[PDB]
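S.K.: I would like to see how this sequence folds:
(2 chains)
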Number of protein chains: 2
Amino acid sequence: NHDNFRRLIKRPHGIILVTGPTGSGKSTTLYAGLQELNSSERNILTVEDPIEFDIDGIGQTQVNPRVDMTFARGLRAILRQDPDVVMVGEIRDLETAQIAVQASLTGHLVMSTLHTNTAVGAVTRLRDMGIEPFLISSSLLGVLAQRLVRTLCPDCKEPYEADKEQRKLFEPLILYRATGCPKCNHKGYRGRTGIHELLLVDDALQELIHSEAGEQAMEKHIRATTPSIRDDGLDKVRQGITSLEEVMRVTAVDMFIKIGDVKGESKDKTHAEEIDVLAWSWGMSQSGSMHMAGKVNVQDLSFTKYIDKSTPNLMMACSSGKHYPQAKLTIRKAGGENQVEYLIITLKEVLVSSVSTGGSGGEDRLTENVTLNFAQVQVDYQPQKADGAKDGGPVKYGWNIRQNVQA
Amino acid sequence: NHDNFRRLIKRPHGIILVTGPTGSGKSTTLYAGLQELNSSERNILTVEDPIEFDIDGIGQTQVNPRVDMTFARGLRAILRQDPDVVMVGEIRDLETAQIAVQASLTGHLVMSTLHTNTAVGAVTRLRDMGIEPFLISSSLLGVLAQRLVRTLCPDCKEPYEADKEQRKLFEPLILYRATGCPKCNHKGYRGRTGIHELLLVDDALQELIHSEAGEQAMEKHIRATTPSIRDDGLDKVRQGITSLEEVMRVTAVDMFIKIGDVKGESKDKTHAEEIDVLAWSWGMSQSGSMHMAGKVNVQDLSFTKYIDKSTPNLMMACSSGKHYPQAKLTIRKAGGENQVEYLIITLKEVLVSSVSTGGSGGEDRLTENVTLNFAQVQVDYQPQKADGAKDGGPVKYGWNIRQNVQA
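M.R.: Numbering: from 1, shown residues only, chains lettered A, B, ... in the order given. I have put the structure below:
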């Protein structure tokens, strides 16, 4: 986060905003940014209301209402001093933002703040005041959504294993609790630390601002690249700096398959390190007829998957012709890990009959089809009631294909 | 509904509206929400016109016209008191809504009301006053459409079985009637209770507000997730709290198949615990020619179905090659259980010739195709008149395929 912020505040021009609620340590972050830039090779000037403290080596004008010296008039005056970087206390109105946008386009690096709850809230807020949707895309370098969280006192904090609902937010996973004590005096914390979410405007985000995709569409692309405010907080909870209580206050059927001991890349909590199934197909046919006995012909179980770390292992098994002891396809209802696994197809003595892979120039994640030949098969369907609870036990179908008998 | 409302009013920021007509108990619901939040860790302030009653521990300013203290000016003053949560009496005009939208974006949780008949009516109403379509998506957490319904007195209420038109709104289904009596004094009710519809703005609803899908499109997605106002009322009618009269004032061919004694998962009243048929196909061909005899070739009856509790049993029958005594495909006109079963295809000595199952990553309910070989077949079509009544008896077609003769 520092290296990304370093590079951003060291650009020749553009706007960099720091957002969040009151008492989130925005000024402290800006002051630290200006002190880092504070060199003999740059001319740094600021308009503030009021000046928090004095940085030696940097000019700092104060918003004076006695002479009608406002943020807009102060910022308009600073631009005639030949500045390289400018720091505006905050851009409350359109007039001040208009000058800051012009400043950013005219070879100056601008810095300011906005009282918005999210990093998208800052881009939002500029669109609200009346800055043309374009002007934000051209000028804006990035946004820094910041919160402060109280630091658990290291002398008296209580270790505890997290519950299921807590573990779902993030193998003994120990978090830490508040408590209270004489240095603790007598709360669970002493001091503070910042948690961040650095939105960095790249080529993709420059389009979404221009064409007005929207908060949601823009939030979807933002989560693909940048970590959230909560995720940065949860990392500090793992490290043992702040509590989970402190981070939170300031803040289609699923299908898997496990072939032997071959590990995939599933992010599922229960089905971790398995192969994510995108689709599947399997069947059987009886040759016997009632118009006059026959025999069953069980097909190979096909299934689609992403090209993951199991891809070479399945190719090796297909090439060598070595079979796995067991393979278990698991289907599950929509909701999460606690939902009912309503269909589980277990296979025994499993070969990899074929692997079909490839890709196109438009696909972000490439897929491949894999078929599985097997000696035995067991299908376990679990019926459910109207409310979602399990209706009795699971209905079983078992068959030995090698010996042609029930199993 | 309480747990969902709890989590919503305990968010760090956003607008939560309670809507409905006059005398729907909105204030009572807001007051209950503020009392639940009323803690020492939060600063709660309110602007009201007038103040309904005093919550001890919460600040409550009144709209005074003698000093020109309005909702807008009062809300604008409250925001300078460093509040965590704010409750505005109601947002009647644009100016008051503009401040509430800014308040929600600037780290405050806002609460208010709007006189709209539906939960979509609230989102509607904000778009009408002149709030930019976006600003609603970013700020709005949810809407609570609320009505009050009179409670049937438990000492004197009359049990009665509902009629067809009444049963269609929602196996002896008994509802309760008003009546009148000395505690009943002398109406059918004493006291009241609230019925609700909690619209919860999620990622999908954030798009529909942004891109302006519309009331209808938005109402369609809302019915997929959240229960209606009427459904919450009808649940209380089943419980025996209020009458059906009180809730209302404030407010393709069906195909089944039964294979032997194998139970499916049909929710139909007449065809209960049978297999729901999605589609089917069956045919026959005669080799005889008039250009010069031949023989009939009856095909296997294919049909589509969901993956239900019968799936393993059909796979076992296909694998073992054991035939059922009878299998009856039933087609029925659109309407319900009382409609005419206009096509019934009965099969005798039935094998399961094949089973083809599978699924994709987008499907919510997976389907599968099953074919049926049989010795005999009987098709019974029932003709109908223009009004819908049965036109005479059913026309029969019977044939023994094993012996190649009429049946």
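S.K.: and the closest residue to chain B within the stretch 51-200 of chain A, how far is that from residue A:26?
M.R.: Closest residue of the stretch 51-200 of chain A to chain B, Cβ to the nearest Cβ: residue A:115 (4.3 Å). For the C-beta atoms, the positions are set from N, CA and C on the backbone; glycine is no exception. Look at residue A:115 and residue A:26: by Cβ to Cβ, to the nearest Å, they are 9 Å apart.
S.K.: which of the two has more residues huddled nearby?
M.R.: residue A:26 (24 against 20; other Cβ atoms under 10 Å in any protein chain shown).
S.K.: coming back round to it: run through the residues that contact the residue of the stretch 51-200 of chain A closest to chain B.
M.R.: By Cβ atoms under 8 Å, 6 or more residues apart in numbering or on different chains, residue A:115 lies in contact with A:19, A:20, A:21, A:22, A:90, B:105, B:106, B:107.
S.K.: dump these to CSV, plus secondary structure, neighbour count and distance to residue B:193.
M.R.: Putting the contacts of residue A:115 into CSV (DSSP: H, G, I helix; E, B strand; the rest coil; neighbours: other Cβ atoms under 10 Å in any protein chain shown; distance: Cβ to Cβ, whole Å) gives the following:
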residue, secondary structure, neighbour count, distance to residue B:193
A:19, strand, 28, 44
A:20, coil, 31, 42
A:21, coil, 19, 38
A:22, coil, 10, 41
A:90, coil, 18, 48
B:105, helix, 24, 36
B:106, coil, 20, 37
B:107, coil, 22, 36
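S.K.: residue B:350: which of those residues is nearest?
M.R.: residue B:105 (65.8 Å; Cβ to Cβ).
S.K.: give the contact list for that closest one.
M.R.: The contact partners of residue B:105, by Cβ under 8 Å, 6+ apart, come to A:115, A:116, A:117, A:121, A:124, A:125, B:13, B:135, B:138, B:139.
S.K.: mind checking which of these land in helices?
M.R.: Among those, DSSP state H puts A:121, A:124, A:125, B:135, B:138, B:139 in helices.
S.K.: of those, closest to residue B:244?
M.R.: Nearest to residue B:244, judged by Cβ to Cβ, of those is residue B:139 at 37.8 Å.
S.K.: list the contacts for that closest one?
M.R.: B:14, B:15, B:101, B:104, B:105, B:110.
S.K.: now, of these, which are buried?
M.R.: Neighbour counting over the contacts of residue B:139 (16 or more other Cβ atoms under 10 Å in any protein chain shown) leaves B:14, B:15, B:101, B:104, B:105, B:110 as the buried ones.
S.K.: returning to what we had before: shared neighbours, residue A:115 and residue A:26?
M.R.: By the contact definition Cβ under 8 Å, 6+ apart, residue A:115 and residue A:26 are jointly contacted by A:19, A:20.
S.K.: chain A: helices as residue ranges?
M.R.: A:2-9, A:26-37, A:71-78, A:94-105, A:119-129, A:133-139, A:164-167, A:203-210, A:215-225, A:229-239, A:244-250, A:311-320.
S.K.: now the buried ones among the contacts of residue B:139 as JSON lines including distance to residue B:73?
M.R.: As requested, the buried ones among the contacts of residue B:139 are exported to JSON lines (distance: Cβ to Cβ, whole Å):
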{"residue": "B:14", "distance to residue B:73": "23"}
{"residue": "B:15", "distance to residue B:73": "19"}
{"residue": "B:101", "distance to residue B:73": "17"}
{"residue": "B:104", "distance to residue B:73": "19"}
{"residue": "B:105", "distance to residue B:73": "20"}
{"residue": "B:110", "distance to residue B:73": "16"}
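S.K.: out of those, the closest to residue B:377 would be?
M.R.: Nearest to residue B:377 among those, with distances taken as Cβ to Cβ, is residue B:14, at 63.4 Å.
S.K.: the closest one against residue B:110, yeah?
M.R.: Yes: Residue B:14 is within contact range of residue B:110, at 7.1 Å (criterion: Cβ atoms under 8 Å).
S.K.: what do those two both touch?
M.R.: The contact sets of residue B:14 and residue B:110 overlap at B:104, B:139 (Cβ under 8 Å, 6+ apart).
S.K.: so what's residue A:371 bridging to?
M.R.: residue A:302, residue A:354 (DSSP bridges).
S.K.: how about CSV for the helices of chain A, with distance to residue B:369 added?
M.R.: Output for these, formatted as CSV (distance: least, Cβ to Cβ, whole Å):
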stretch, distance to residue B:369
helix A:2-9, 54
helix A:26-37, 62
helix A:71-78, 70
helix A:94-105, 62
helix A:119-129, 47
helix A:133-139, 51
helix A:164-167, 39
helix A:203-210, 43
helix A:215-225, 37
helix A:229-239, 45
helix A:244-250, 49
helix A:311-320, 28
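S.K.: quickly compare the ones you listed and say which is most buried.
M.R.: Most buried of the helices of chain A, by mean neighbour count (mean count of other Cβ atoms under 10 Å in any protein chain shown): helix A:119-129, with a mean of 24.
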